[PDB]
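Now for the letters of each chain:
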Amino acid sequence: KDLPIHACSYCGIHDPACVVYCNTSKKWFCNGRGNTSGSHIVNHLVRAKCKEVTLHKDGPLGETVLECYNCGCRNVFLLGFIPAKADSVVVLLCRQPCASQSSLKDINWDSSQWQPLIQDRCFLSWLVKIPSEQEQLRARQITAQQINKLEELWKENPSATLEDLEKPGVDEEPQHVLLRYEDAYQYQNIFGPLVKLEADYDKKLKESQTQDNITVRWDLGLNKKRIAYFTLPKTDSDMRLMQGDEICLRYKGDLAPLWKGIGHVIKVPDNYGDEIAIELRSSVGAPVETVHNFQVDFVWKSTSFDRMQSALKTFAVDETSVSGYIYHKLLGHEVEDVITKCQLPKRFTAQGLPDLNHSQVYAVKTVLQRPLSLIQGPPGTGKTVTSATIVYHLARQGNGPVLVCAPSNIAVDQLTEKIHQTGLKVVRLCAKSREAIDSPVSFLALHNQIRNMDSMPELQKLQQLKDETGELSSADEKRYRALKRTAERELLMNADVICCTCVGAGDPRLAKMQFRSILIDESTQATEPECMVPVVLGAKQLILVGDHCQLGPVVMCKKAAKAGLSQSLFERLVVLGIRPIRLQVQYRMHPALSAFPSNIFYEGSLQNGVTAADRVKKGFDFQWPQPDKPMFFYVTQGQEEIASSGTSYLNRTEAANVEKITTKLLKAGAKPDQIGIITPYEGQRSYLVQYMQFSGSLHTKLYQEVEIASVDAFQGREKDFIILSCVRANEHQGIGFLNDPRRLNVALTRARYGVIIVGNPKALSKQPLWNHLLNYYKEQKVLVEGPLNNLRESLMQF
RNA sequence: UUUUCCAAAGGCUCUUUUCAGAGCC
Ligand SMILES: [Zn+2]
Ligand SMILES: [Zn+2]
Ligand SMILES: [Zn+2]
């Protein structure tokens, strides 16, 4: 009848050792698996981002708080139990750093036997008894989708029952993304709510980030560089500290008068470096002398989303914002093909750049003859050289300035270096936040060029005065602003090629300009409005470069992802009916590694531009299961564990295996910078960092030199030897986003010399693509398990 | 078997002096 005080929100099962109370949500939940693959309590914890667990009053342990004996951390995802060697008393300790920093140092305690408290997405039976299957089915049954809906209702209001899910029927679902449109106003009305939802979600998830009572080195700078170094106390474990964001520094202490300054991040965590560094744009009134009792806060900004909305409305209301043909093509309207009447250069090669192959030459000649061209660039095909050829030819056409944009600043830097290699005059536009960022192409930045602009000397005098003092008078500031605007306008008109980011093209300084040529790059990594921001500038000839098989843009809002916002402009153009021209040759992999992904994801179209003897590293005496094939799959029988964040995964057994193979690789003579570690899960990456940094069997700096990153963090990077840990291994659950073929594509194509795959074939074989992976690897007879020294071919079949 | 937990990004505002003016980073 009436639910007791300790009753599950989802089902209401009442039992002493079956209900767990959450301090964050002030609700009880059952440990029963239910219809879904996960327990109710674990599902509530992961969905509601809670990290506090309170045991029921009656049970094997009674009213207990699961706190680490060393540090007392509340986050249950880090605690683990150790059975005593003398009695049955269990020791609850954090995985790290409490394993080595434990004050108890009990003889019966050992950290090797340590296991996570959460297993198979549910609490262990001895702690919380799993409800009996018959009782857990005879009671009220709730499915996953309505569970998520009820959790959302609880989040938006802490009063919601089962009847609140059906009787109201809120709906208000965002309009789904269409493939074919009819009006620009329709496009704006459809994509406005999605952008607004994304911005709101980002603001909500990023505004709740602050720290208090931190130290600061507080070093100074000659040219007004208030540079502050401080380290996050790692209690919040927030990685949102990023280049270009805004940080407000508040000094509420009594040592100095209260100060509230604004600055930008200049240095994020690095290899063994940490000590995040920020640059303050405020005056000299900052409390330099004080170090402690410093408060910091991150405030979200809406510049990017405002730029997307402005571009959308400009496209909706301005007929000349884009060419008519491009406007009709983007809306899916069926129109006849148009051939651009451009003069074809006799030689397709670029001065100062390597000669293109036949496929690249054909791609260039086809692109130059079409107002709209789509290029599918497989990994390792030298797409940068191709794009350099395109910009070279476009500038040689003399049809005004040529705009280049890319979602990532690294891609922009690579492309601008490539074009500058031809000797062409290029101007790189950087944001104010990125002005202090040091880059190899920073000498080509707009602000640095202005600082080196010697035709007008009073501008330099004002600049150095600003560098040596604070803000000048109002008239002086107005004159300086006018001089800067005039100089940058002259530079931009004089410049032949302007390169920046896709969002950065929305800068007012770049505004009020018309460009007849745009070569949006890496578009497969950007949301459709992000790619659409630069084109409303007056595009007439428009080129996309990217690979849908590589990866897609990352969207955080669940509703936006469901509505189709994750789709890139490249994908929509491809599915519209435009066949993208794809480069057929590449020089990045030894043929053995490149044979499989070409066969699978590129229907056997890629060609190996390098030979086997070319892609062998000298002084590398490492044994292989097949001497001709420098890759293999190592089989591990580990169990996945929930990461500290509560939504990622890790595995200790695979981490130890990775450590062993990396130690062997360094013993083989491979340079430490060549060894890369790739994991799709952030929690696994952090655990590997902790395991390889603090506990180093070999030289600690030796392990330090290698670097670990997420899939798309490493995607823009190319190295010799790569070792992958797929992490996920669950009998009753899925692999997660590992079923996405794009991540498999980038993971297999990230190498140059060798790939070492580590994972559990039994769990991965359920997904058909990974089953094909396993079948191919067994056909090559490189599935190996057991001792590293004594390699044995696995007998498992899939 | 849910949908997955994964990067990158990045200064303007106010006022009817609005054909404009004012102030901030
Ligand atoms: Zn329940
Ligand atoms: Zn909760
Ligand atoms: Zn602890």
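The rules behind each value
- Per-chain numbering applies: from 1 upward along each written sequence, possibly unlike the entry's numbering, with residues missing coordinates excluded.
- The order in which chains are written sets their letters, starting at A; the order in which ligands are written sets their numbers, starting at 1.
- As a rule here, side-chain values cover all heavy atoms of the structure and leave hydrogens and water aside.
- UniProt positions are given in the numbering used here, feature names are shortened, and annotations may be inferred rather than shown by experiment.
- We count a stretch as a helix when DSSP gives it H or I for four or more residues in a row; a strand needs E for two or more, and each element gets its number in order from the N terminus.
- Both definitions apply: the radius of gyration is a C-alpha atom measure, and the globule rule equals 2.2 Å times residues to the power 0.38.
- Burial here depends on accessible area, computed with a 1.4 Å probe over protein chains only, as a share of the maximum for the residue type. Under 20% is buried, over 50% is exposed, and the range in between is partly exposed.
- Only heavy atoms matter for contacts: two residues are in contact if any of them lie within 4.5 Å across the pair.
- Computed by Shrake-Rupley with a 1.4 Å probe, the accessible areas treat only the displayed protein chains as cover when residues are assessed.
- When charges are counted, neither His nor the chain ends are considered; positive counts come from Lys and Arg and negative counts from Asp and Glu.
- Working definition for charges: the position is that of NZ of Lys, CZ of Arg, CG of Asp or CD of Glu.
- In this analysis a donor is any N, O or S atom within 2.8 Å of a metal ion (3.2 Å for sodium, potassium and calcium), and since water is not included, sites may seem incomplete.
- Square planar and octahedral sites, with four and six donors, are those where opposite donors lie more than 155 degrees apart and all other angles lie between 65 and 115, tetrahedral sites have four donors with every angle between 85 and 135 degrees, and the rest are irregular.
- Only the stretch in contact is used when a helix axis is fitted, and all axes are lines through C-alpha atoms; the angle between N-to-C directions ranges over 0 to 180 degrees.
- Note on terminology: angles under 35 degrees are roughly parallel, angles over 145 are roughly antiparallel, angles of 65 to 115 are roughly perpendicular, and the others are oblique.
- Note on residue categories: nonpolar means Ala, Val, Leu, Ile, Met, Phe, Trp, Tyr, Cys or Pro, charged means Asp, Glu, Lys or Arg, and polar means any other residue, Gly included.
- Side-chain rings of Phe, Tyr and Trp (the six-membered ring for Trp) are treated as a pair once their centres are within 6.5 Å; stacked means planes under 30 degrees apart, edge-to-face means over 60, and tilted covers the remaining angles.
- We call two strands paired when DSSP finds no fewer than two bridges between them.
- Take the number of residues in a helix, subtract one, and multiply by 1.5 Å to get its expected span.
- Residues grouped as a nonpolar core are buried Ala, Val, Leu, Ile, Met, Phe, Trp, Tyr and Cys residues, joined through side-chain atoms within 4.5 Å.
- Patch membership needs two things, relative accessible area over 30% and no salt bridge, and members are linked within 9 Å if like-charged or within 5 Å if nonpolar (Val, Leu, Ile, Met, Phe, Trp, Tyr).
- Note on definitions: salt bridges are taken to be side-chain nitrogens of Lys or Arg within 4 Å of carboxyl oxygens of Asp or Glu.

- Per the PDB entry, chain A goes by Isoform 2 of Regulator of nonsense transcripts 1 and derives from Homo sapiens.
- The record deposited in the PDB is entitled "Human UPF1 in complex with the histone stem loop RNA".
- If you open the UniProt record of chain A and go to Sequence similarities, you find "Belongs to the DNA2/NAM7 helicase family."

Digging into the overall build of chain A
- Secondary structure assignment for chain A yields 25 helices and 31 strands.
- What you see for chain A is a C-alpha radius of gyration of 29 Å, in line with the 28 Å of a compact globule of 798 residues.
- Viewed in the frame of its principal axes, chain A has a C-alpha envelope of about 85 × 70 × 60 Å.
- The proportion of buried residues among the 798 residues of chain A is 52%.
- Pairs at least 24 apart in sequence give 69% of the contacts found in chain A among residues at least 6 apart.
- Total accessible area on chain A stands at roughly 37200 Å², and carbon and sulfur atoms take up 54% of it.
- One finds the centroid of the 94 positive side-chain charges in chain A at a distance of 3 Å from the centroid of its 88 negative side-chain charges.

Things to note about the UniProt feature "binding site: Zn(2+) 1" in chain A
- UniProt's entry tags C8, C11, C30 and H40 with the feature "binding site: Zn(2+) 1", counted in the numbering of this structure. Taking the farthest pair of C-alpha atoms as the criterion, the annotated set spanning 33 residues converges on one region, since that pair is 8.7 Å apart.
- By secondary structure assignment, the location of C11 is in the segment before β1 (19-22).
- On the basis of relative accessibility, which here comes to 8%, the residue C11 falls in the buried class.
- Among residues more than four places away in sequence, those in contact with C11 are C30, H40 and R140.
- For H40, a relative accessible area of 10% puts it in the buried group.
- When near neighbours in sequence (up to four residues on either side) are disregarded, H40 contacts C8, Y10, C11, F29, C30, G32, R33 and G34.

Let's talk about the coordination of the zinc ion (ligand 1)
- Protein-derived coordination of the zinc ion (ligand 1) comes from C8 (SG), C11 (SG), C30 (SG) and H40 (ND1), at a distance range of 2.1 to 2.3 Å.
- Around the zinc ion (ligand 1) sit four donor atoms; with metal-centred angles ranging over 71 to 132 degrees, the donor geometry is irregular.
- Read in sequence order, the donor residues for the zinc ion (ligand 1) give the motif C-x2-C-x18-C-x9-H. Of this pair, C11 sits in the segment before β1 while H40 is found in helix α1 (residues 40-48), placing the two residues 29 residues apart along the sequence. The same class applies to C11 and to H40, which are both buried.

Considerations on the environment of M453
- Here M453 lies in the loop between α12 (446-451) and α13 (457-468).
- On the accessibility criterion, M453 (16% relative accessible area) is buried.
- In sequence terms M453 and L491 are 38 residues apart; their C-alpha atoms lie 9.6 Å from each other.

A look at the coordination of the zinc ion (ligand 2)
- Within the protein, the zinc ion (ligand 2) binds to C22 (SG), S25 (OG), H44 (NE2) and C50 (SG); these donor distances fall in the range 2.0 to 2.3 Å.
- Of note is the zinc ion (ligand 2), whose four donor atoms meet at the metal with angles of 88 to 132 degrees in an arrangement that counts as tetrahedral.
- Counting gaps between the donor residues of the zinc ion (ligand 2) yields the pattern C-x2-S-x18-H-x5-C. On the criterion of sequence distance, the pair formed by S25 in the loop between β1 and β2 (27-30) and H44 in helix α1 is long-range, its members being 19 residues apart.
- Given the relative accessible area of 2%, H44 is considered buried.

Focus: the packing of helix α6 (residues 184-207) against helix α7 (residues 303-317)
- Contact pair α6 / α7: the axes reach a minimum separation of 9 Å and the direction vectors enclose 175 degrees. Considered as vectors, α6 and α7 are oriented roughly antiparallel to each other. Packed against α6, whose contacting residues are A184, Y185, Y187, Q188, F191, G192, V195, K196, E198, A199 and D202, the element α7 presents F305, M308, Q309, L312, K313, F315, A316 and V317 at the interface.
- When the residues that make up the contact of α6 with α7 are grouped by side-chain class, the tally is 12 nonpolar, three polar and four charged.

Here we look at the packing of aromatic side chains
- Applying the stated criterion across every chain yields a total of 24 aromatic pairs.
- On the basis of an interplanar angle of 80 degrees and a centroid distance of 4.6 Å, the ring pair of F622 and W624 is categorised as edge-to-face.
- Judged by relative accessible area, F622 falls into the buried class, the value being 12%.
- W624 gets classed as buried once you look at its relative accessible area, which sits at 16%.

A look at the pairing of strand β23 (residues 631-635)
- Within β23, five of the five residues are buried, which leaves it mostly tucked inside the rest of the structure.
- Residues of β23 alternate between two faces, with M631, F633 and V635 on one and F632 and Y634 on the opposite face, all of them buried.
- As judged from the five bridges shared by β23 and strand β29 (residues 754-759), these two strands associate in the parallel manner. Bridge pairing in β29 links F633 to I757.
- Where β23 and strand β30 (residues 783-785) come together, two bridges link them in parallel fashion. For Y634, the partnering residue across the bridge sits in β30 and is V784.

Notes on helix α10 (residues 383-397)
- With 15 residues, α10 extends 21 Å from end C-alpha to end C-alpha; this agrees with the ideal 21 Å at 1.5 Å per step.
- Buried residues dominate α10, accounting for 12 of its 15 residues.
- When we look at burial in α10, the residues that qualify are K383, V385, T386, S387, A388, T389, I390, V391, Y392, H393, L394 and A395.
- Contact partners of the buried residues in α10: α9 (358-367), β15 (402-406), α11 (409-420), β17 (497-501), β18 (517-518) and β19 (541-546).
- Positioned one or two residues after α10, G398 has a phi angle of 75 degrees, which is positive.

Some details on the nonpolar core
- Membership of the largest hydrophobic core comes to 63 residues, with the highest contact counts inside it found for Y187, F191, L510 and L573.
- Tallying contributions element by element places α6 first for this core, with seven residues.
- Ignoring any residue separated from it by four or fewer positions in sequence, one finds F191 in contact with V177, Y181, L312, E528, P529 and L565.
- With 58 residues, the next largest nonpolar core counts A592, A643, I678 and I723 among its residues.

Description of a positive patch on the surface
- Taken together, the side chains of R281, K432, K478, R481, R485, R489 and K512 make up a positively charged region of the molecular surface.
- With respect to the helices, strands and loops of the structure, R489 is situated in helix α14 (residues 474-494).

Remarks on unusual backbone geometry
- Of note, the bond from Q96 into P97 is cis; its omega dihedral lies within 30 degrees of zero at 0 degrees.
- Tracing the backbone through its elements, the reader meets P97 in the loop between β4 (90-94) and α2 (98-101).
- Of note, the phi angle at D274 is positive, near 50 degrees, even though the residue is not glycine.
- Topologically, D274 is positioned in the loop between β11 (259-267) and β12 (276-280).
- The exposure class assigned to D274 is partly exposed, which follows from its relative accessible area of 38%.
- Even without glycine at this site, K781 takes up a positive phi of about 60 degrees.
- Taking the relative accessible area as the measure of exposure, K781 reaches 57% and is therefore exposed.

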